[PDB]
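Please read the structure below before turning to the comments.
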Amino acid sequence: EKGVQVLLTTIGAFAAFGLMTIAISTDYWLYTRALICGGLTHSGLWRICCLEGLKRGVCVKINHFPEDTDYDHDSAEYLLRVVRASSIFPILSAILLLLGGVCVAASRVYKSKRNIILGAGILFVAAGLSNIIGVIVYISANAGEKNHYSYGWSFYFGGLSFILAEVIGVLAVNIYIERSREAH
Amino acid sequence: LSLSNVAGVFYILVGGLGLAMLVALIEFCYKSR
Amino acid sequence: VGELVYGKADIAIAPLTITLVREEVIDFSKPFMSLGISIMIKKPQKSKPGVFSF
Amino acid sequence: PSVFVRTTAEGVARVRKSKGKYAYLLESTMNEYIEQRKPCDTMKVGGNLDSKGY
Amino acid sequence: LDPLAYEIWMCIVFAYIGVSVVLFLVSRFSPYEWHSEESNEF
Ligand SMILES: NS(=O)(=O)c1cc2c(cc1Cl)N[C@H]([C@H]1C[C@H]3C=C[C@@H]1C3)NS2(=O)=O
């Protein structure tokens, strides 16, 4: 209600897009122990960077395709590794989030066409789903690859991005409903 | 249970949600005409 | 076999497999083990129960 | 190249250093002994193709 | 909570929210169905 929900909608859109991009890039997802350092590390999404051992603060990229005695021949495992490496589902969530924010901003321009906002809501919901999928594939890949491990602040930022995206979808749909109600 | 063991049903759930939204959009466009 | 045939050896106790051609040149004893030609490979990794395991 | 090998341990190493691209045909006794010994990175498939006795 | 690892509980919450939002949307975005007798409790 109160007609100001567009503000919260776009603020949430920009905030969640920022959180998602920050999480995709900062390389702080997994606090664990690796033989590369073995020692402590703060691996992320694209590149691993140790914090312990002879070389501290040294960052190197991770292969995602080690010699597993033809284990990469398995169709399911190969597909999972490919998706994890490309990491296209979180990217897709960010893209959909950005497009939804763009549609919401345009709504202030083309107020005649309501379908813009419905598209925005659908985009945000789909972004939430894609973020879920990215999280699932990331975790399943890590498991597939009994030590101690823990998740970094960037992962919780991704979770916040998902929650925000779904809330925004709700608000956009409510906006569209009210507008149609008052537009007969 | 790790998440690797029970991921398939999550994939199925997400596919179902996508399918539902697609179907609803299809019905929406159809009843628009 | 050369050691026994060419006099360099008097007896032999070992994982030595019988066969016709080898038996046509030297006397033999009775079997003291059972065996057979068998395959050997590297343990394939434990395939996790794939998707649709429910 | 020639799949053959000079000695048993050479075949063991080859199968354990081939990413599962090499299969070695040896007896049923040495095979089991190896299976029981660490790191136990190998296994026996199928049944004996023929029994011979030592 | 030991029988199900922490990750599964997190993703359960995520999917509960996703499903609830999707159901709300689907049931109540098409004005055609609920325009009359304004029509659904979802
Ligand atoms: N350890 S085992 O089961 O493989 C095994 C196998 C065999 C053994 C003894 C043992 Cl312990 N001796 C017999 C021999 C003994 C006498 C009986 C047969 C031969 C002559 N041959 S065998 O059948 O090849």
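Every chain in the structure tokens takes a letter, A first, then B, and so on in the order presented; its residues are numbered from 1, and the ligands are numbered from 1 following the presented order.
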Taking a cut-off of 9 Å and counting only C-alpha atoms and all ligand atoms, can you build a table that, for each residue of chain D near ligand 1, reports the nearest atom pair and how far apart they are in Å (one decimal), sorted by chain then residue number, as a tab-separated table?
residue	atom	partner	partner_atom_place_in_ligand_line	distance
D:29	CA	ligand 1	4 (O)	8.9
D:52	CA	ligand 1	24 (O)	8.5
D:53	CA	ligand 1	24 (O)	5.4
D:54	CA	ligand 1	24 (O)	7.2
| task | Give the residues of chain C that lie within 12 Å of chain B; count only C-alpha atoms, and format the answer as an NGL selection string. | result | :C and (47-54)
Filtering to C-alpha atoms, could you give me those residues as a PDB file, in the first residue's frame?
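Result went into result-v8.pdb, see below:
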ATOM      1  CA  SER C  47      30.465 -43.481  -7.140  1.00  0.00           C
ATOM      2  CA  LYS C  48      28.144 -41.474  -4.934  1.00  0.00           C
ATOM      3  CA  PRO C  49      24.477 -42.446  -5.364  1.00  0.00           C
ATOM      4  CA  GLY C  50      23.577 -40.350  -8.355  1.00  0.00           C
ATOM      5  CA  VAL C  51      20.661 -38.052  -8.887  1.00  0.00           C
ATOM      6  CA  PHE C  52      17.347 -39.915  -8.820  1.00  0.00           C
ATOM      7  CA  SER C  53      18.581 -42.194  -6.038  1.00  0.00           C
ATOM      8  CA  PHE C  54      15.290 -41.804  -4.164  1.00  0.00           C
TER       9      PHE C  54
END
| message | as a list in words, could you give me every residue of chain E near chain B (at most 8 Å apart, counting only C-alpha atoms)? | response |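 Here is what falls inside 8 Å: residues 3, 4, 5, 7, 8, 19, 22, 26, 30 and 32 of chain E.
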How would the residues just picked look written out with N, CA and C atoms as a short mmCIF file (atom, residue, chain, number, x, y, z; two decimals), in the first residue's frame?
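Ended up saving to selection.cif:
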data_model
loop_
_atom_site.label_atom_id
_atom_site.label_comp_id
_atom_site.auth_asym_id
_atom_site.auth_seq_id
_atom_site.Cartn_x
_atom_site.Cartn_y
_atom_site.Cartn_z
N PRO E 3 20.60 -35.61 12.28
CA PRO E 3 20.30 -36.47 11.12
C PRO E 3 20.38 -35.75 9.80
N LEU E 4 20.15 -34.44 9.79
CA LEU E 4 20.23 -33.62 8.60
C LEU E 4 21.28 -32.55 8.82
N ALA E 5 22.26 -32.48 7.93
CA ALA E 5 23.35 -31.54 8.10
C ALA E 5 22.87 -30.11 7.93
N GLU E 7 23.64 -27.65 6.12
CA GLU E 7 23.37 -27.15 4.78
C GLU E 7 21.96 -27.48 4.35
N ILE E 8 21.48 -28.67 4.71
CA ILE E 8 20.15 -29.09 4.28
C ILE E 8 19.09 -28.25 4.96
N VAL E 19 9.05 -21.46 -2.41
CA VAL E 19 7.78 -22.08 -2.74
C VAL E 19 6.62 -21.20 -2.29
N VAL E 22 6.38 -18.26 -4.67
CA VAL E 22 5.92 -18.67 -5.99
C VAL E 22 4.44 -18.99 -5.97
N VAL E 26 1.74 -17.04 -8.26
CA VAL E 26 0.98 -17.78 -9.26
C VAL E 26 -0.51 -17.66 -9.00
N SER E 30 -2.67 -13.16 -11.85
CA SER E 30 -3.57 -13.12 -12.99
C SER E 30 -4.87 -12.44 -12.61
N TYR E 32 -7.42 -11.95 -14.33
CA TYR E 32 -8.57 -12.53 -15.01
C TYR E 32 -9.33 -13.49 -14.10
#
Please tabulate, as a tab-separated table, the residues of chain D that come within 12 Å of chain A, each with its closest pair of atoms and the distance in Å to one decimal, counting only C-alpha atoms and ordering rows by chain, then residue number upward.
residue	atom	partner	partner_atom	distance
D:15	CA	A:69	CA	11.2
D:16	CA	A:69	CA	10.4
D:17	CA	A:69	CA	9.9
D:18	CA	A:69	CA	8.1
D:19	CA	A:69	CA	4.2
D:20	CA	A:69	CA	5.8
D:21	CA	A:69	CA	8.2
D:22	CA	A:69	CA	11.1
D:41	CA	A:69	CA	11.8
| task | Pick out the chain D residues within 6 Å of chain C. Count only C-alpha atoms. Give them as a list in words. | result |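 So the contacting residues turn out to be residues 20, 23, 24, 25, 26, 27, 28, 41, 42, 43, 44, 45, 48, 49, 50, 51, 52, 53 and 54 of chain D.
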Which parts of chain D does DSSP call alpha helix (DSSP H) when run on the backbone here, written out as a PDB file with C-alpha atoms, in the first residue's frame?
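What follows is the written file part-v2.pdb:
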ATOM      1  CA  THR D   8      55.548 -58.139 -11.223  1.00  0.00           C
ATOM      2  CA  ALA D   9      56.200 -54.964  -9.242  1.00  0.00           C
ATOM      3  CA  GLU D  10      56.597 -53.135 -12.548  1.00  0.00           C
ATOM      4  CA  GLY D  11      53.054 -54.094 -13.521  1.00  0.00           C
ATOM      5  CA  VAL D  12      51.800 -53.132 -10.070  1.00  0.00           C
ATOM      6  CA  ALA D  13      53.350 -49.686 -10.440  1.00  0.00           C
ATOM      7  CA  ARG D  14      52.053 -49.331 -13.997  1.00  0.00           C
ATOM      8  CA  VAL D  15      48.454 -49.993 -12.988  1.00  0.00           C
ATOM      9  CA  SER D  28      44.982 -65.206  -8.057  1.00  0.00           C
ATOM     10  CA  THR D  29      47.387 -65.385  -5.093  1.00  0.00           C
ATOM     11  CA  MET D  30      49.632 -62.366  -5.606  1.00  0.00           C
ATOM     12  CA  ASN D  31      46.493 -60.448  -6.551  1.00  0.00           C
ATOM     13  CA  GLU D  32      44.784 -61.146  -3.234  1.00  0.00           C
ATOM     14  CA  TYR D  33      47.971 -60.457  -1.285  1.00  0.00           C
ATOM     15  CA  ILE D  34      48.225 -57.063  -2.972  1.00  0.00           C
ATOM     16  CA  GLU D  35      44.545 -56.368  -2.320  1.00  0.00           C
ATOM     17  CA  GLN D  36      45.103 -56.912   1.395  1.00  0.00           C
TER      18      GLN D  36
END
